[PDB]
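Protein chains in written order, with the deposited numbering: chain A, 10 to 125; chain B, 10 to 124; chain B', 10 to 124; chain A', 10 to 125. A prime marks a further copy of an entry chain.
Heads up, the beta-carbon is just placed ideally off N, CA and C, and yes, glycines get one too.
Shown next, in structure tokens, is the structure this report addresses.
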Amino acid sequence: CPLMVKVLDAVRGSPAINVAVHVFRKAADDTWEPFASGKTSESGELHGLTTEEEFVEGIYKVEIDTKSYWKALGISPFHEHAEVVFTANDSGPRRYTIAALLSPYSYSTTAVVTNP
Amino acid sequence: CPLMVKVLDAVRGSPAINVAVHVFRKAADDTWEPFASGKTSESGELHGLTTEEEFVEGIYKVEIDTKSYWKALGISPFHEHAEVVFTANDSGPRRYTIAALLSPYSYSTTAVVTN
Amino acid sequence: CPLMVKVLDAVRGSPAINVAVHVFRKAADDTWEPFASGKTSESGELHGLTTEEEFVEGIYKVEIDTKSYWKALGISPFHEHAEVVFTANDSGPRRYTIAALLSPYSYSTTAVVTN
Amino acid sequence: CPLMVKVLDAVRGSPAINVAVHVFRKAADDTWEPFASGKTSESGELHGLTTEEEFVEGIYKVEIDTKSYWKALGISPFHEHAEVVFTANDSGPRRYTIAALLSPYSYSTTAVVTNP
Ligand SMILES: Cc1cc(OCC(=O)O)cc(C)c1Cc1ccc(O)c(C(C)C)c1
Ligand SMILES: Cc1cc(OCC(=O)O)cc(C)c1Cc1ccc(O)c(C(C)C)c1
């Protein structure tokens, strides 16, 4: 898969399990069209969101439901979600790993972009 | 002010200067209504976005134009911007500092919520 | 001062208060000589560690006692501390702010080097 | 292996390749004894540092040579290295992944600790 999401929990030092992830792609009319969705596994990973054929050039948004994650652990976090927005495939097809590191009042996100 | 934004540049080890920042409030129809904006100062700070009277409870989005910043420095960036979405809440402390740390392919953001 | 330390808590969304910080300078024999120390303020800041005269070029280590901080909050931490090791250099800007962002199993540190 | 190190470059959005890593363990006399060393692979990973038998309880230091990494890319970075110090195995054997994210003037580090 050309798009993978990996989420870690900085409080527990663990993968962030069962985190909902929604992906959108900006349409020609500038709206966000639903593209794919899933939830992270026991390893904090979400694979199989898309395919090489489908994942064309465009502006994509990956919205990670961090608030539901923290709420289920009894925590009222600051952010509603973590949303990473990016242009994909503009110099040709690439593989993207979107890595997120979560704390109740902070998150970081990083992209690892490789040429397949 | 109840809301301040502070932006640092992890490549240069400096405040991130002249970064455009837009603030939006979520409307009843779930659209984002522009609320305030500015550019960060020589110290990477943006003050005076709102007032205590105006900044009522709601869902807010702070959009930091990281892409234009990296473009101005001749460095290829990954993100279109960094968005920071949160519910502002009266019961808690209520001065918010949104701190962001920028790299071309990574950012972190943290909230410092006080008094 | 030429050196300031600012520490934030990513769990509480607050300055990290009363965190012990020790500064060391690398000696000629490669050992670390204690130089200065303090505890962060109510704003998570530690000022006045050194002076422009004293803070000559050399290799410095700032050790932030994160473990005692998490212990004080009843939260299990991973690291013994966060160390920040750098060469201080006259040609460049020379006011250093060491910013640290703390979580129980993660920390980040950044240098803001100005004027 | 109970200890793995993974290093990413936040400027290029890539693994950080050929980064030297030195591991030390605190001795009974409070000195740092050399424990293991290696360098990151093309995937930014360093495997095989130790074994279950060898990796007993103790205080360990993982020193990642970030300065040489940046210097080889023409950059004069702020830090001499990234050094992550931690007590290991104090509630029994665990697997540790030490993840580091590098920028010229900043780094973050995170531990993922799992029960084998
Ligand atoms: C929020 C903030 C306040 C501050 O006050 C000290 C000053 O203005 O001199 C000084 C600095 C440098 C920051 C920014 C900061 C301070 C600490 C920190 O962990 C982070 C994370 C985003 C990496 C950011
Ligand atoms: C992206 C990624 C890939 C990975 O490969 C799987 C494995 O080898 O276990 C293993 C891990 C732990 C990560 C996550 C990671 C790896 C490095 C890193 O600096 C960061 C920051 C976002 C904190 C995250």
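For B'/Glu92, the chain A' residues whose Cβ falls inside 8 angstroms of its Cβ are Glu92, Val94, in order along the chain. Rounded to the nearest angstrom, the Cβ distance from A'/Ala19 to B/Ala25 is 15 angstroms, too far for a contact under 8 angstroms. With a cutoff of 9 angstroms on beta-carbon distance, B/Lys70 and B/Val94 are scored as near each other. In this structure, the CA atom of A'/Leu111 is about 16 angstroms from the CA atom of B/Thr118. Residue environment analysis places B/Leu82 among the exposed positions, since fewer than 16 neighbouring C-beta atoms fall within 10 angstroms of its C-beta.
Within the chosen limit of 8 angstroms, ligand 2 does not reach the beta carbon of A'/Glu51 with any heavy atom.
Nearest neighbour of B'/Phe87 by Cα position, chosen from A'/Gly47, A'/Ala120, A'/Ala37, turns out to be A'/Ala120. Counting the other Cβ atoms within 10 Å of the Cβ of A/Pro113 gives 16 or more, which makes it buried.
The beta carbon of B/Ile68 sits no closer than 9 angstroms to any beta carbon of chain A'.
Sixteen is the threshold: when 16 or more other Cβ atoms of the shown chains lie within 10 Å of the Cβ of A'/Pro11, as they do, the residue is buried. Burial check for B'/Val65: the Cβ neighbour count within 10 Å stays below 16, so the residue is exposed. Around B/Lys80, the same chain offers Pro86 as residues with beta carbons nearer than 8 angstroms, after the five sequence neighbours per side are excluded. Residue-level contact check: A'/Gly22 touches chain A, since one or more beta carbons of chain A fall below 9 angstroms from its beta carbon. At a cut-off of 9 angstroms between beta carbons, B/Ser52 makes no contact with chain A'. The C-alpha of B/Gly67 lies about 23 angstroms from the C-alpha of B/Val16. Less than 9 angstroms separates the beta-carbon of A/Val28 from that of A/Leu55.
DSSP places A'/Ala91 in the strand class (E or B) of the three-state scheme. Taking 9 angstroms as the CB threshold, A'/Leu17 lines the interface with chain A.
DSSP, read as helix, strand or coil, puts A/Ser112 in strand. By the neighbour-count criterion, in which a residue is buried when 16 or more other Cβ atoms sit within 10 angstroms of its Cβ, A/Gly22 is buried. With a cutoff of 9 angstroms on beta-carbon distance, A'/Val14 and A'/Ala97 are scored as not near each other. CA-CA distance, B/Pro102 to A'/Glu51, rounds to 46 angstroms. In the three-state reduction of the DSSP assignment, B/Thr96 falls in the strand class, which pools E and B.
Short of 6 angstroms from the beta carbon of A'/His31, and not among the five residues preceding or following it, lie these beta carbons of its own chain, in chain order: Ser46, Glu72.
Rounded to whole angstroms, the separation of the alpha carbons of A/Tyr116 and B/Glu42 is 24 angstroms.
Below the 9 angstroms Cβ cutoff, chain A' contributes no neighbours of B'/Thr49, its closest Cβ being approximately 19 angstroms away.
Within chain B', the residues placing a beta-carbon under 7 angstroms from that of B/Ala120 are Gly22, ordered along the chain.
Taken through DSSP and simplified to helix, strand or coil, A/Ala37 comes out as coil. For B'/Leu110, the chain B residues whose C-beta falls within less than 9 angstroms of its own C-beta are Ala108, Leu110, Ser117, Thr119, listed in chain order. B'/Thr123 carries a strand assignment under DSSP once its states are collapsed to helix, strand and coil.
Listed in chain order, the non-local C-beta contacts of A'/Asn124 below 7 angstroms within the same chain comprise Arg103, local neighbours out to five positions each way being set aside. Here the C-alpha atom of A/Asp39 lies approximately 12 angstroms from the C-alpha atom of A/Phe33. If you ignore the 5 residues before and after A'/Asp99, its C-beta comes within less than 7 angstroms of the C-beta of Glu66, all in its own chain and listed in chain order. Listed by position along chain B', the residues whose Cβ is nearer than 7 angstroms to that of A/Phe64 form an empty set, because the closest Cβ is around 30 angstroms away. For A'/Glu92 against B'/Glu92, the beta-carbon gap comes to about 5 angstroms, under 8 angstroms, which counts as contact. Under the three-state reduction of DSSP, B'/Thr75 is assigned to helix.
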